[PDB]
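A short worksheet on the structure shown next.
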Amino acid sequence: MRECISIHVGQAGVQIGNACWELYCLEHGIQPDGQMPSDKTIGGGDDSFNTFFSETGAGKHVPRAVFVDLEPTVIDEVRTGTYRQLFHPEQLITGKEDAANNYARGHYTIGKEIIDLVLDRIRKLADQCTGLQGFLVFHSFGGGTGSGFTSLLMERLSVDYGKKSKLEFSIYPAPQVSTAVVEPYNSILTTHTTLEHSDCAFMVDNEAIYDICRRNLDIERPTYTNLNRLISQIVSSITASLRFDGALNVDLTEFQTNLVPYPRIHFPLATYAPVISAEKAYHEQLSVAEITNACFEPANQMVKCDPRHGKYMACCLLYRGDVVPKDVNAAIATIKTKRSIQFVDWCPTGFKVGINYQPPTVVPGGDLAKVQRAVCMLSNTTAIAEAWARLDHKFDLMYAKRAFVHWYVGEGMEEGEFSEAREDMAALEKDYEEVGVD
Amino acid sequence: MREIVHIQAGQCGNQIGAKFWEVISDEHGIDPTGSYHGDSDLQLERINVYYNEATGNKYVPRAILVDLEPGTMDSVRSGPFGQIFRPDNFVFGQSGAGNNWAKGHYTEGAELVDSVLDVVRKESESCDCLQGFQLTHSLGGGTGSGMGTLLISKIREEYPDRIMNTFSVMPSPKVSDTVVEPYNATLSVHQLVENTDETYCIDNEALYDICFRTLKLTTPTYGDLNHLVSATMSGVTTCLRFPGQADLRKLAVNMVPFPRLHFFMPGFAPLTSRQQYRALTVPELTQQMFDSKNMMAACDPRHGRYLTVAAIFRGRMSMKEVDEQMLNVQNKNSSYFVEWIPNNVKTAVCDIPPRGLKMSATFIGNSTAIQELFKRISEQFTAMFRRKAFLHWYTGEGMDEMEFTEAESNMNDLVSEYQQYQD
Amino acid sequence: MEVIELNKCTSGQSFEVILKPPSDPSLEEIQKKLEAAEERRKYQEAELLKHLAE
Amino acid sequence: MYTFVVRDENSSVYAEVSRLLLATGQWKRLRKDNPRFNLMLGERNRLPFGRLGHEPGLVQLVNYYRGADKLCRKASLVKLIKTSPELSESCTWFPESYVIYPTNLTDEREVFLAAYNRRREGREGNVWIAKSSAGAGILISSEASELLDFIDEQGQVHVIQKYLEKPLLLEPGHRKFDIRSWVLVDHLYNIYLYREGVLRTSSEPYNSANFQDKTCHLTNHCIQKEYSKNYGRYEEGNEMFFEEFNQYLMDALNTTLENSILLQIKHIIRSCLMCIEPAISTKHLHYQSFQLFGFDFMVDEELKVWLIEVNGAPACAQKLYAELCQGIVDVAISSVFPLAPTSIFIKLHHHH
Ligand SMILES: Nc1nc2c(ncn2[C@@H]2O[C@H](COP(=O)(O)OP(=O)(O)OP(=O)(O)O)[C@@H](O)[C@H]2O)c(=O)[nH]1
Ligand SMILES: Nc1ncnc2c1ncn2[C@@H]1O[C@H](COP(=O)(O)OP(=O)(O)CP(=O)(O)O)[C@@H](O)[C@H]1O
Ligand SMILES: Nc1nc2c(ncn2[C@@H]2O[C@H](COP(=O)(O)OP(=O)(O)O)[C@@H](O)[C@H]2O)c(=O)[nH]1
Ligand SMILES: [Ca+2]
Ligand SMILES: [Ca+2]
Ligand SMILES: [Ca+2]
Ligand SMILES: [Mg+2]
Ligand SMILES: [Mg+2]
Ligand SMILES: [Mg+2]
């Protein structure tokens, strides 16, 4: 058994962590006070859920997580929230003034002061791991903390935990749920310094989660809670392998082996189905072929793009619920004959499938309906570069007039780090095109 | 605990600061004695941003009242909410400023500045974490202009990394006290260009036309003009005073694309005349809020281009209906917004409406049209400075003509800076 | 349409399907980049006070 | 008030649609870089599709189908017909074609020779034609040595296909020609055929004993108006419209354009567009697409229709710009952005 430490950075990271750890407890049957009746080994054990939870002599199951925010307003909810007894105070680190949506502020000005405190609070969790696998870092691109402080944390984790792996759960900036004009700057700044330090990153575009909530959940104006409850479903389906008995994606190392043949191109697209409104009278339960086929609809992709005009490098099917291998193959054959699936010529054309019999757990009073079977498809398509183009364009519109640059220069950062990061993104866009187009 | 220190300097500064506290004290449930009698927890949520909690659950406005003659501040202390202000926070002289920037900045004001700062340092030394300072003042007078900008220059020295916010009333010959208001304004504009992060420009001419034309007030008073400034200051500070997804620095990071271009045009809506009971829809709030006849800068935005725009909607309304209407004004007049700053228009909703209004909207624009403002001021300045008219009032206080020529060149540069970004 | 590595357990199963065959900075350099930015903040705030002293 | 942008100043078609949109007082034009637009008239090459469909509140429409290049490229169309089971290599309406990469760069060089030697052994007509997309550069010859040696002299991909040695000729004149039909596809993927086509005819008597002089073999509007010496003799601008051609078919062959030719043209369009629907449809996409096509056809002496190429950015005959463009606004633009007949098209229903 090997442990996984989760790190949540910035307001986005913390709230999404709130929605995920809320879900992990319901899935493993862990009460808010940290008690777990189903667990029979009191105060110890090397089970599958012990990769995310540690145990105390008092029978408490404590998440192996660290929350960090440069402003104490968002973490304070966790300290007095429903799950206040889950974590102990050392796991929740809070500053006094945030980064003002300024990457240079989160990375240099404020970061230097609190970086060592974080690492220490992390090293304390690491000292309980008999075989630490790596880290799951949740954050945003737009926030000055999620963007600026994360890249610094990754740089240090690669120093104090060399051989360990690190996965990301990034939030792509979307103007429909953001009041920050400089997030294109922060995104392209953080992706540049974090690239060589993240072995695999799952991007969730807030635009995509927004529409899935209005189109499928019939929510006219979605709240962060609606968005995070949905995002934690995907996160749960992506981490379930690490927390349940199985053979596919059993440790973090298996996420690069199965998803990232080339290093820099470590951004898998995700897709989830079904998303059914609980407020519905009652939905006709979808079959395996029907929910599988939906994995190739743009409507329920965590990033809005067009895989039909890219090339796949890898592909995983994570099913949860009443599914057997026979129905999976049956649905796959049907889809190849109708869909547009163009692979690269130096990767085999095939799918690794994983089936976990436990159906998706429904958050009491949430927005999602209880389904009998759901699937999450992790596919590494060059079609995701579209997201990088959009962002890279906006970065070009503002940087042409040096707009807003003074805010970053004023925190100690050099103006040349903009064009440097940008040229890196230009390189990352080229490496994507060298692999997909003919 | 992100606290803001308020400072009001001069006649105009104090009279406006007074109502601003009267207005927000009402919305936060604070009575003229500092006691809370509200009905919602939203009021006290972000209460410490502008109020200090004393003993017995007392809320004392974190504000400093500054003036060089007792007259105006005597009124506040005897006004409605006068008792709410901390007695020590009244720092005033006796010689007066004679509507002279030189006196407020170099001679009379210099004798009192060190004592006003001793109070500033007192309120800060209690703040768990100080966001920054906000100053209310006019630029055409002597104290709020000459001394106010002297305070800013000095606050930036003791607090070099805190936000310096101001509400600055620009002078207008149509609402003029003395002929030397252009002199005083040109001198202060240079201090603001250099030492403030955000300045809400408020042209008295705009306020007059709004009271005369839109509001249908036969003979406007400085009292009618201040009603607007109250409603406007209350709106722009909604982001800070109530729960919503915003501090002073974040506002500057998202509004000021260039250091020296940080002067904003506020706007309010509705602006009804006493047909005052008609319910106001969301389209109407938006069509008015962007209308030039509802702005306080006396600048035609169709003559310039917007760099960044913020809008706050107050009341129980449709947040889906707000989005649809904001996204409409942009797509119907995208020629007046710069195309090199993506999503440069943001919107924030608020559930607590101002006093006596079902729903309202406040407008914060960083438009290049504001150069037309600094143009008038620079015209009225040169018309007098080319003959050296009224210079003796200033050269007698110790100044020289060179310092006047430099402030002239300082603002003409500010105009050229707003011009290259309009193409 | 082959199926390989079929592994089954109480909590589920997993397998692989083949449709077609194929055809860092040290701790010294980080402290330097951080102290270099702080040095440029100290220099800037110096020119600010120098200007305020003038 | 709808807004649109213009990123292709060289397009003669959509330069008129822009003039018509502004003539409605309800469509405003914006700078070619302003992202707030309802309609895009994008560039030909490297059109940034990935940046469409991300502006909140705006329903954006583009005038090109992403991936349509698979059908509008010389080498792309060939590979699509021989690989798509919907068309098969035994497709009956497309001339036997092979993709040939120049020997300085898969490649069907040997498969071409196989079918070439088989024809040379069987006495059957063995006249081929070489061509490429980067041309303005065509060689008609009955020898495989000249065709292969000609492609090696270039540096881009070419294609060799069977030259119709028995093409239908018009009289008087004994001349060759081609047919151009225009097809508009809206966001819903309705396939509308413009009732009006044009015949770009040849003004030189067809000479099958001299493929060297390419004035009597090629029917390009620019070649006849440059290298031909009978330009504008029998018809105006080597352009015969469906009324005069449908009259000639009746006085000479005793048949109608609807039956002998149009039924075949309407079938080819269906089979081509139906084939690539599951790859370019914007039915569940965040933005919507619509594109105008121009198919070119050949007619042999047996009154069989052969497909030449498909143009994704085609031009139109001078006399038909007004009616067609307005039809674009009716069924392609106003069908998405309504304004405050006797359809000029012929809907080709199908199974989506
Ligand atoms: N999906 C999701 N996105 C969020 C959430 N909270 C913030 N965001 C996104 O994060 C972006 C801004 O980053 P923040 O996380 O708020 O910034 P931060 O990490 O707290 O850093 P600071 O600038 O110091 O506040 C915006 O584009 C939001 O859309 C959340 O709870 N869920
Ligand atoms: N296999 C074949 N048999 C007979 N004629 C042929 C032929 N292939 C091409 N042609 C002639 O060549 C012309 C079409 O050339 P092609 O379309 O390949 O060049 P192009 O694309 O530059 C002209 P367009 O403007 O239609 O795009 C037709 O007029 C036709 O007469
Ligand atoms: N809006 C507004 N402007 C005022 C008010 N009182 C004075 N002014 C303006 O301020 C300028 C004079 O400045 P003043 O307040 O006397 O400055 P002081 O010397 O510091 O007291 C004139 O141009 C007036 O138009 C007021 O109550 N409201
Ligand atoms: Ca146990
Ligand atoms: Ca590493
Ligand atoms: Ca004195
Ligand atoms: Mg934050
Ligand atoms: Mg006065
Ligand atoms: Mg062509």
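All residue names refer to the structure tokens as shown: chains lettered A, B, ... in order, residues numbered from 1 in each chain, ligands numbered from 1 in order.
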
Identify all chain B residues at most 10 Å from chain C by counting only C-alpha atoms; ligands do not count. Present them as a VMD selection string.
chain B and resid 153 to 154 156 to 158 160 to 161

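Residues lying within 10 Å of residue 36 (chain C), counting only C-alpha atoms and ignoring same-chain neighbours fewer than 6 positions away, are residues 108, 412, 413 and 414 of chain A; 30 and 42 of chain C.
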
Interface residues on chain B facing chain A, 9 Å, only C-alpha atoms, written as a PyMOL selection string
chain B and resi 1-2+128-129+131+245-259+308+319-320+339-348

Residue 327 (chain B) surroundings by only C-alpha atoms, 9 Å radius, close-in-sequence under 6 positions cut, as JSON, numbers by chain
{"B": [345], "D": [56, 57, 58]}

Skip region 222-233 of chain B itself and residues of its chain fewer than 5 positions away, then list as a PyMOL selection string all residues within 7 Å of it, counting only C-alpha atoms.
chain B and resi 16+19-20+23+207-208+267-268+362

Show me which residues sit within 9 Å of ligand 5 when counting only C-alpha atoms and all ligand atoms, and put them as a PyMOL selection string.
(chain A and resi 154-155+157-159+161-166+196-199) or (chain C and resi 24)

Write a file of the selected residues as a PDB file, in the first residue's frame, keeping N, CA, C and O atoms.
```pdb
ATOM      1  N   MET A 154       5.415  23.512  -6.718  1.00  0.00           N
ATOM      2  CA  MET A 154       5.881  22.430  -7.581  1.00  0.00           C
ATOM      3  C   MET A 154       7.400  22.437  -7.702  1.00  0.00           C
ATOM      4  O   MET A 154       8.037  21.379  -7.642  1.00  0.00           O
ATOM      5  N   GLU A 155       8.000  23.619  -7.873  1.00  0.00           N
ATOM      6  CA  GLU A 155       9.454  23.693  -7.980  1.00  0.00           C
ATOM      7  C   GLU A 155      10.127  23.108  -6.746  1.00  0.00           C
ATOM      8  O   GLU A 155      11.185  22.474  -6.848  1.00  0.00           O
ATOM      9  N   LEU A 157       8.647  20.878  -4.504  1.00  0.00           N
ATOM     10  CA  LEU A 157       8.328  19.460  -4.369  1.00  0.00           C
ATOM     11  C   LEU A 157       9.246  18.606  -5.235  1.00  0.00           C
ATOM     12  O   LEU A 157       9.654  17.512  -4.828  1.00  0.00           O
ATOM     13  N   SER A 158       9.585  19.089  -6.432  1.00  0.00           N
ATOM     14  CA  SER A 158      10.566  18.413  -7.269  1.00  0.00           C
ATOM     15  C   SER A 158      11.949  18.386  -6.638  1.00  0.00           C
ATOM     16  O   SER A 158      12.814  17.639  -7.110  1.00  0.00           O
ATOM     17  N   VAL A 159      12.182  19.177  -5.598  1.00  0.00           N
ATOM     18  CA  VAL A 159      13.463  19.213  -4.905  1.00  0.00           C
ATOM     19  C   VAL A 159      13.459  18.303  -3.685  1.00  0.00           C
ATOM     20  O   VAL A 159      14.380  17.511  -3.490  1.00  0.00           O
ATOM     21  N   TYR A 161      11.140  15.977  -3.079  1.00  0.00           N
ATOM     22  CA  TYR A 161      10.521  14.698  -3.431  1.00  0.00           C
ATOM     23  C   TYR A 161      10.816  14.421  -4.909  1.00  0.00           C
ATOM     24  O   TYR A 161       9.940  14.436  -5.773  1.00  0.00           O
ATOM     25  N   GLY A 162      12.082  14.156  -5.213  1.00  0.00           N
ATOM     26  CA  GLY A 162      12.503  13.978  -6.590  1.00  0.00           C
ATOM     27  C   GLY A 162      11.757  12.894  -7.341  1.00  0.00           C
ATOM     28  O   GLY A 162      11.004  13.182  -8.277  1.00  0.00           O
ATOM     29  N   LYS A 163      11.957  11.638  -6.936  1.00  0.00           N
ATOM     30  CA  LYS A 163      11.393  10.510  -7.669  1.00  0.00           C
ATOM     31  C   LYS A 163       9.870  10.459  -7.606  1.00  0.00           C
ATOM     32  O   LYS A 163       9.255   9.759  -8.418  1.00  0.00           O
ATOM     33  N   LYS A 164       9.246  11.176  -6.673  1.00  0.00           N
ATOM     34  CA  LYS A 164       7.797  11.125  -6.549  1.00  0.00           C
ATOM     35  C   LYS A 164       7.126  11.781  -7.753  1.00  0.00           C
ATOM     36  O   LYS A 164       7.708  12.617  -8.450  1.00  0.00           O
ATOM     37  N   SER A 165       5.880  11.382  -7.994  1.00  0.00           N
ATOM     38  CA  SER A 165       5.077  11.926  -9.078  1.00  0.00           C
ATOM     39  C   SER A 165       4.200  13.064  -8.569  1.00  0.00           C
ATOM     40  O   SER A 165       3.980  13.223  -7.367  1.00  0.00           O
ATOM     41  N   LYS A 166       3.691  13.855  -9.509  1.00  0.00           N
ATOM     42  CA  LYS A 166       2.801  14.961  -9.178  1.00  0.00           C
ATOM     43  C   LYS A 166       1.782  15.116 -10.297  1.00  0.00           C
ATOM     44  O   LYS A 166       2.160  15.314 -11.455  1.00  0.00           O
ATOM     45  N   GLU A 196       7.562  21.481 -16.734  1.00  0.00           N
ATOM     46  CA  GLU A 196       8.556  20.454 -16.431  1.00  0.00           C
ATOM     47  C   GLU A 196       8.418  19.854 -15.028  1.00  0.00           C
ATOM     48  O   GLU A 196       9.259  19.033 -14.658  1.00  0.00           O
ATOM     49  N   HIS A 197       7.403  20.215 -14.239  1.00  0.00           N
ATOM     50  CA  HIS A 197       7.282  19.691 -12.885  1.00  0.00           C
ATOM     51  C   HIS A 197       5.998  18.924 -12.628  1.00  0.00           C
ATOM     52  O   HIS A 197       5.868  18.319 -11.557  1.00  0.00           O
ATOM     53  N   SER A 198       5.055  18.931 -13.566  1.00  0.00           N
ATOM     54  CA  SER A 198       3.820  18.165 -13.479  1.00  0.00           C
ATOM     55  C   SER A 198       3.879  17.033 -14.497  1.00  0.00           C
ATOM     56  O   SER A 198       4.031  17.283 -15.697  1.00  0.00           O
ATOM     57  N   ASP A 199       3.768  15.796 -14.015  1.00  0.00           N
ATOM     58  CA  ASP A 199       3.818  14.612 -14.859  1.00  0.00           C
ATOM     59  C   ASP A 199       2.518  14.356 -15.616  1.00  0.00           C
ATOM     60  O   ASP A 199       2.521  13.568 -16.569  1.00  0.00           O
TER      61      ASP A 199
ATOM     62  N   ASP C  24      16.106  19.951 -13.841  1.00  0.00           N
ATOM     63  CA  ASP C  24      15.309  20.800 -12.963  1.00  0.00           C
ATOM     64  C   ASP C  24      16.209  21.683 -12.101  1.00  0.00           C
ATOM     65  O   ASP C  24      17.382  21.365 -11.899  1.00  0.00           O
TER      66      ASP C  24
END
```

Under the rule of at most 9 Å, produce a per-residue listing of chain A near chain D: chain, number, name, the closest pair of atoms, and the distance in Å, as JSON lines, using only C-alpha atoms.
```
{"residue": "A:174", "atom": "CA", "partner": "D:54", "partner_atom": "CA", "distance": 8.8}
{"residue": "A:175", "atom": "CA", "partner": "D:56", "partner_atom": "CA", "distance": 7.8}
{"residue": "A:176", "atom": "CA", "partner": "D:56", "partner_atom": "CA", "distance": 6.7}
{"residue": "A:207", "atom": "CA", "partner": "D:54", "partner_atom": "CA", "distance": 8.0}
{"residue": "A:297", "atom": "CA", "partner": "D:284", "partner_atom": "CA", "distance": 7.1}
{"residue": "A:298", "atom": "CA", "partner": "D:285", "partner_atom": "CA", "distance": 6.2}
{"residue": "A:299", "atom": "CA", "partner": "D:284", "partner_atom": "CA", "distance": 6.7}
{"residue": "A:304", "atom": "CA", "partner": "D:286", "partner_atom": "CA", "distance": 7.7}
{"residue": "A:305", "atom": "CA", "partner": "D:50", "partner_atom": "CA", "distance": 7.0}
{"residue": "A:306", "atom": "CA", "partner": "D:50", "partner_atom": "CA", "distance": 8.2}
{"residue": "A:308", "atom": "CA", "partner": "D:279", "partner_atom": "CA", "distance": 6.4}
{"residue": "A:309", "atom": "CA", "partner": "D:67", "partner_atom": "CA", "distance": 7.3}
{"residue": "A:338", "atom": "CA", "partner": "D:278", "partner_atom": "CA", "distance": 7.2}
{"residue": "A:339", "atom": "CA", "partner": "D:278", "partner_atom": "CA", "distance": 6.7}
{"residue": "A:340", "atom": "CA", "partner": "D:279", "partner_atom": "CA", "distance": 6.2}
{"residue": "A:385", "atom": "CA", "partner": "D:50", "partner_atom": "CA", "distance": 8.6}
{"residue": "A:386", "atom": "CA", "partner": "D:50", "partner_atom": "CA", "distance": 5.0}
{"residue": "A:387", "atom": "CA", "partner": "D:50", "partner_atom": "CA", "distance": 7.4}
{"residue": "A:389", "atom": "CA", "partner": "D:50", "partner_atom": "CA", "distance": 7.2}
{"residue": "A:390", "atom": "CA", "partner": "D:51", "partner_atom": "CA", "distance": 5.5}
{"residue": "A:393", "atom": "CA", "partner": "D:51", "partner_atom": "CA", "distance": 8.8}
```

Write a file of the selected residues as a JSON list (two decimals), in the first residue's frame, keeping N, CA, C and O atoms.
```json
[["chain", "number", "residue", "atom", "x", "y", "z"],
["A", 174, "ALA", "N", -12.60, 30.97, -17.22],
["A", 174, "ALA", "CA", -13.81, 31.14, -18.02],
["A", 174, "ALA", "C", -14.49, 32.45, -17.61],
["A", 174, "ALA", "O", -14.87, 32.60, -16.43],
["A", 175, "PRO", "N", -14.68, 33.40, -18.53],
["A", 175, "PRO", "CA", -15.27, 34.69, -18.15],
["A", 175, "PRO", "C", -16.68, 34.62, -17.60],
["A", 175, "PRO", "O", -17.17, 35.63, -17.09],
["A", 176, "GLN", "N", -17.36, 33.47, -17.67],
["A", 176, "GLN", "CA", -18.72, 33.41, -17.16],
["A", 176, "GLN", "C", -18.78, 33.29, -15.64],
["A", 176, "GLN", "O", -19.84, 33.55, -15.06],
["A", 207, "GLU", "N", -15.98, 27.16, -18.25],
["A", 207, "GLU", "CA", -17.00, 27.31, -19.28],
["A", 207, "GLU", "C", -17.73, 26.00, -19.52],
["A", 207, "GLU", "O", -18.96, 25.98, -19.67],
["A", 297, "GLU", "N", -19.27, 13.10, -27.51],
["A", 297, "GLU", "CA", -20.07, 14.30, -27.72],
["A", 297, "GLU", "C", -19.36, 15.50, -27.10],
["A", 297, "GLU", "O", -18.94, 15.42, -25.94],
["A", 298, "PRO", "N", -19.21, 16.61, -27.83],
["A", 298, "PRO", "CA", -18.59, 17.79, -27.21],
["A", 298, "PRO", "C", -19.35, 18.31, -26.00],
["A", 298, "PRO", "O", -18.76, 18.99, -25.16],
["A", 299, "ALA", "N", -20.64, 17.97, -25.87],
["A", 299, "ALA", "CA", -21.49, 18.56, -24.85],
["A", 299, "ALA", "C", -21.02, 18.25, -23.44],
["A", 299, "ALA", "O", -21.25, 19.05, -22.52],
["A", 304, "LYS", "N", -14.04, 22.44, -23.90],
["A", 304, "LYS", "CA", -14.74, 22.51, -25.17],
["A", 304, "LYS", "C", -13.72, 22.53, -26.30],
["A", 304, "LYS", "O", -12.98, 23.50, -26.47],
["A", 305, "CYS", "N", -13.69, 21.44, -27.08],
["A", 305, "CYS", "CA", -12.81, 21.30, -28.23],
["A", 305, "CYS", "C", -13.44, 20.28, -29.17],
["A", 305, "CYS", "O", -14.59, 19.89, -29.00],
["A", 306, "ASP", "N", -12.67, 19.84, -30.17],
["A", 306, "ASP", "CA", -13.19, 18.96, -31.21],
["A", 306, "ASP", "C", -12.22, 17.81, -31.47],
["A", 306, "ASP", "O", -11.33, 17.92, -32.33],
["A", 308, "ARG", "N", -12.54, 15.19, -33.12],
["A", 308, "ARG", "CA", -12.60, 14.67, -34.48],
["A", 308, "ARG", "C", -11.47, 15.21, -35.34],
["A", 308, "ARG", "O", -11.09, 14.57, -36.33],
["A", 309, "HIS", "N", -10.95, 16.38, -35.01],
["A", 309, "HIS", "CA", -9.90, 17.02, -35.80],
["A", 309, "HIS", "C", -8.58, 17.06, -35.05],
["A", 309, "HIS", "O", -7.81, 18.01, -35.15],
["A", 338, "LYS", "N", -19.00, 4.40, -36.51],
["A", 338, "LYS", "CA", -19.73, 5.65, -36.71],
["A", 338, "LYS", "C", -18.94, 6.90, -36.36],
["A", 338, "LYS", "O", -19.20, 7.95, -36.94],
["A", 339, "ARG", "N", -17.98, 6.82, -35.44],
["A", 339, "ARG", "CA", -17.28, 7.99, -34.95],
["A", 339, "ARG", "C", -15.96, 8.20, -35.69],
["A", 339, "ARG", "O", -15.50, 7.35, -36.46],
["A", 340, "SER", "N", -15.34, 9.35, -35.43],
["A", 340, "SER", "CA", -14.07, 9.74, -36.04],
["A", 340, "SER", "C", -12.97, 9.61, -34.99],
["A", 340, "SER", "O", -12.78, 10.51, -34.16],
["A", 385, "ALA", "N", -5.25, 21.28, -27.65],
["A", 385, "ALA", "CA", -4.43, 22.46, -27.89],
["A", 385, "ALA", "C", -5.29, 23.67, -28.23],
["A", 385, "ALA", "O", -4.87, 24.81, -27.99],
["A", 386, "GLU", "N", -6.49, 23.46, -28.78],
["A", 386, "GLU", "CA", -7.40, 24.57, -29.03],
["A", 386, "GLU", "C", -7.49, 25.47, -27.80],
["A", 386, "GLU", "O", -7.44, 26.70, -27.91],
["A", 387, "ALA", "N", -7.59, 24.86, -26.62],
["A", 387, "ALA", "CA", -7.63, 25.65, -25.39],
["A", 387, "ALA", "C", -6.39, 26.52, -25.26],
["A", 387, "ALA", "O", -6.49, 27.70, -24.89],
["A", 389, "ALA", "N", -4.57, 27.70, -27.66],
["A", 389, "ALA", "CA", -4.62, 28.76, -28.65],
["A", 389, "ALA", "C", -5.43, 29.95, -28.15],
["A", 389, "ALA", "O", -4.94, 31.08, -28.09],
["A", 390, "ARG", "N", -6.69, 29.69, -27.78],
["A", 390, "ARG", "CA", -7.55, 30.71, -27.18],
["A", 390, "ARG", "C", -6.78, 31.55, -26.17],
["A", 390, "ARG", "O", -6.65, 32.77, -26.32],
["A", 393, "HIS", "N", -3.91, 33.57, -27.50],
["A", 393, "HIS", "CA", -4.33, 34.73, -28.27],
["A", 393, "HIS", "C", -4.56, 35.93, -27.35],
["A", 393, "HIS", "O", -3.98, 37.00, -27.55]]
```

For ligand 6, list the contacting residues at 10 Å or closer, counting only C-alpha atoms and all ligand atoms, as a PDB file with N, CA, C and O atoms, in the first residue's frame.
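Below you can see part-v2.pdb, which holds the result:
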```pdb
ATOM      1  N   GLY B  93      -7.333  73.179  12.080  1.00  0.00           N
ATOM      2  CA  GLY B  93      -6.642  74.400  12.424  1.00  0.00           C
ATOM      3  C   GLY B  93      -7.603  75.557  12.609  1.00  0.00           C
ATOM      4  O   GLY B  93      -8.793  75.376  12.895  1.00  0.00           O
ATOM      5  N   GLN B  94      -7.077  76.772  12.438  1.00  0.00           N
ATOM      6  CA  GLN B  94      -7.881  77.982  12.599  1.00  0.00           C
ATOM      7  C   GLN B  94      -7.602  79.062  11.564  1.00  0.00           C
ATOM      8  O   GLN B  94      -8.513  79.833  11.251  1.00  0.00           O
ATOM      9  N   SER B  95      -6.389  79.147  11.014  1.00  0.00           N
ATOM     10  CA  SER B  95      -6.076  80.197  10.050  1.00  0.00           C
ATOM     11  C   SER B  95      -6.888  80.054   8.771  1.00  0.00           C
ATOM     12  O   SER B  95      -7.181  81.054   8.107  1.00  0.00           O
ATOM     13  N   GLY B  96      -7.253  78.829   8.405  1.00  0.00           N
ATOM     14  CA  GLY B  96      -7.927  78.581   7.150  1.00  0.00           C
ATOM     15  C   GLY B  96      -6.952  78.512   5.989  1.00  0.00           C
ATOM     16  O   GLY B  96      -5.767  78.830   6.102  1.00  0.00           O
ATOM     17  N   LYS B 103      -1.178  77.223   0.451  1.00  0.00           N
ATOM     18  CA  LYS B 103      -1.350  77.191   1.899  1.00  0.00           C
ATOM     19  C   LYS B 103      -1.631  75.779   2.390  1.00  0.00           C
ATOM     20  O   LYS B 103      -1.109  75.364   3.430  1.00  0.00           O
ATOM     21  N   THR B 107       2.455  75.863   3.567  1.00  0.00           N
ATOM     22  CA  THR B 107       2.558  76.727   4.734  1.00  0.00           C
ATOM     23  C   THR B 107       1.559  76.279   5.779  1.00  0.00           C
ATOM     24  O   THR B 107       1.903  75.462   6.655  1.00  0.00           O
ATOM     25  N   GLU B 108       0.317  76.768   5.761  1.00  0.00           N
ATOM     26  CA  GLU B 108      -0.617  76.461   6.842  1.00  0.00           C
ATOM     27  C   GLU B 108      -0.789  74.955   7.019  1.00  0.00           C
ATOM     28  O   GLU B 108      -0.665  74.431   8.132  1.00  0.00           O
ATOM     29  N   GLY B 109      -1.077  74.240   5.929  1.00  0.00           N
ATOM     30  CA  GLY B 109      -1.282  72.803   6.033  1.00  0.00           C
ATOM     31  C   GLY B 109      -0.079  72.078   6.607  1.00  0.00           C
ATOM     32  O   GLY B 109      -0.223  71.122   7.373  1.00  0.00           O
ATOM     33  N   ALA B 110       1.126  72.530   6.249  1.00  0.00           N
ATOM     34  CA  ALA B 110       2.330  71.856   6.715  1.00  0.00           C
ATOM     35  C   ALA B 110       2.440  71.894   8.231  1.00  0.00           C
ATOM     36  O   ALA B 110       3.058  71.007   8.833  1.00  0.00           O
ATOM     37  N   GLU B 111       1.851  72.912   8.863  1.00  0.00           N
ATOM     38  CA  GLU B 111       1.884  73.022  10.315  1.00  0.00           C
ATOM     39  C   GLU B 111       0.971  72.004  10.990  1.00  0.00           C
ATOM     40  O   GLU B 111       1.214  71.642  12.144  1.00  0.00           O
ATOM     41  N   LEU B 112      -0.056  71.519  10.293  1.00  0.00           N
ATOM     42  CA  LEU B 112      -1.017  70.591  10.869  1.00  0.00           C
ATOM     43  C   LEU B 112      -0.883  69.168  10.344  1.00  0.00           C
ATOM     44  O   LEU B 112      -1.525  68.264  10.892  1.00  0.00           O
TER      45      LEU B 112
END
```
